[PDB]
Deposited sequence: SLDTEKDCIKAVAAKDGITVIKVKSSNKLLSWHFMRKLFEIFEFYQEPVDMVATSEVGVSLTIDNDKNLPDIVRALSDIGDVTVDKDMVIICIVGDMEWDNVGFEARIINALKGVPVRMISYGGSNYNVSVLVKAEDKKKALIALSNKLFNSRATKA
């Protein structure tokens, strides 16, 4: 398809869980996603590390019960009022990310099933980020 697009999704919460040292990563990741399953929460973005993982939820109705449950498998921190921006396009993804050079970015994900690049920013940086991505994607 011959499509270029920029999309923003507001009202996002990011959750960071640093796994307990006691837990083997493969058990930790299953337990983690099982907690999100229980509360029927879709996750738009995920990024793992050696230490732990950050992921998003699109509503906070169940947030306290989710943090409570997660606090059993790791140390949990939360940042509210975030925004997911999705950019739909030979290094393309590098050029797009490079347009965000001047804006703080909390997460980046590329390689799921598409050529879409996903980025998470604070609400206060949404406009700056969208303007830079629109100018680059559509020039």
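**Q** Compare the deposited sequence with the modelled residues and state the ranges that are missing C-alpha positions.
**A** Several regions go unmodelled: 1-6, 96-101, 152-157.
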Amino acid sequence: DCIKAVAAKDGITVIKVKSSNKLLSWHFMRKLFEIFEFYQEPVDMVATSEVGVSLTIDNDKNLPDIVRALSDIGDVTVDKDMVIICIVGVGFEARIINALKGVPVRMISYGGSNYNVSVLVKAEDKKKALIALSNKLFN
From here on, numbers count along this sequence of modelled residues.
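**Q** So 14-22 or 119-127, which one's hotter by mean CA B-factor in the entry?
**A** Comparing 14-22 with 119-127, the higher mean C-alpha B-factor belongs to 14-22.
**Q** So, looking at the entry's B-factor column for Cα atoms, which has the higher mean, 79-87 or 44-52?
**A** Stretch with the higher mean C-alpha B-factor: 44-52.
**Q** Among the choices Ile73, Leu100, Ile108, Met29, identify the one whose CA B-factor in the record is greatest.
**A** Highest CA B-factor of the listed options: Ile73.
**Q** Check where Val6 lands among this chain's C-alpha B-factors and tell me if it's the lowest, middle or highest third.
**A** It belongs to the lowest third of the chain when residues are ordered by C-alpha B-factor.
**Q** Taking the values exactly as deposited, rank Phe33 by C-alpha B-factor within its chain and report the matching third: lowest, middle or highest.
**A** Lowest third of the chain for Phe33's C-alpha B-factor.
**Q** Relative to the other modelled residues of the same chain, rank the CA B-factor of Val67 and answer lowest, middle or highest third.
**A** According to the entry, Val67 has a C-alpha B-factor in the chain's highest third.
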